[PDB]
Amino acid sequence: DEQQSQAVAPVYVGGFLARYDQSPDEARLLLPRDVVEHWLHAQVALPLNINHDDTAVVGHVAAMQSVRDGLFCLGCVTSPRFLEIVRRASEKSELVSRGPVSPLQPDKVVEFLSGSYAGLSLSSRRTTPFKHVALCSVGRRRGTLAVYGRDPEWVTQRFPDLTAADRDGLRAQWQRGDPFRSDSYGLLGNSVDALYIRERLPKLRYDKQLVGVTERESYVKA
């Protein structure tokens, strides 16, 4: 049962909330580096929720950094209740049972998050421009793949676009009870919703490549 104490330990998630080189198929999704940098300048830690549900908060956004190709953020899933649900549910996922690739070690909880919420979705105004980052099955903004991992550093190095300078900025930030007022049922219901998102896998692949995570080893099930 000691195998569960580390299984329910914090999990980091990283990815781009927006890609400047991607034209939104909807104006409301436009978000150029200029706005981002002013906003980042204008404004505790933004909450991390499940599919934008304000009751399914699982952690916080540890770092936000505008970089060459977009706004990249790094979050931390810290809800014991949530991490616990994910643990129980991972034991029952065939996908999780197929384990990870190359020489990675199976991490049921991580692999599970990787699969359910392969996308990141920023919530901001059309002061506090940035409201919250959301974990989801796919973001309406392209290139928003969610990379989960037990180590911040490790997670950040899964993205080829980032440079040592970038990592310093993010590292500096991330280095500086229980907000999950939902349950397994709420999660179950939300998943059925995801099965009907049109072109879920296609965009998820498009995202994996565009962000160059295709080129590395990670727990991305996408």
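Numbering starts at 1 and runs along the sequence shown.
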Q: With residue 176 and residue 177 adjacent in the shown sequence, let me know how many deposited residues between them lack coordinates: none, 1 to 3, 4 to 9, or 10 or more.
A: 4 to 9
Q) Would 88-96 or 139-147 have the larger average of its C-alpha temperature factors, as given in the entry? A) 88-96
Q) Of 160-168 and 47-55, which one has the bigger average CA B-factor? A) 160-168
Q) Based on the PDB record, which member of 67, 61, 36, 192 exhibits the highest Cα temperature factor? A) 36
Q | Selection from 126, 108, 132, 81 [criterion: highest C-alpha temperature factor in the record] | A | 126
Q: Would you mind ranking residue 104 by its C-alpha B-factor against the rest of the chain and naming the third, lowest, middle or highest?
A: middle
Q) Which third of the chain does residue 24 land in by C-alpha B-factor: lowest, middle or highest? A) highest
Q) Going by the entry, which third of its chain does the Cα temperature factor of residue 204 land in? A) middle
Q. What third of its chain, lowest, middle or highest, does the C-alpha temperature factor of residue 11 fall into?
A. lowest
Q.
Using the temperature factors of the C-alpha atoms in this entry, rank residue 17 within its chain: lowest, middle or highest third.
A. lowest
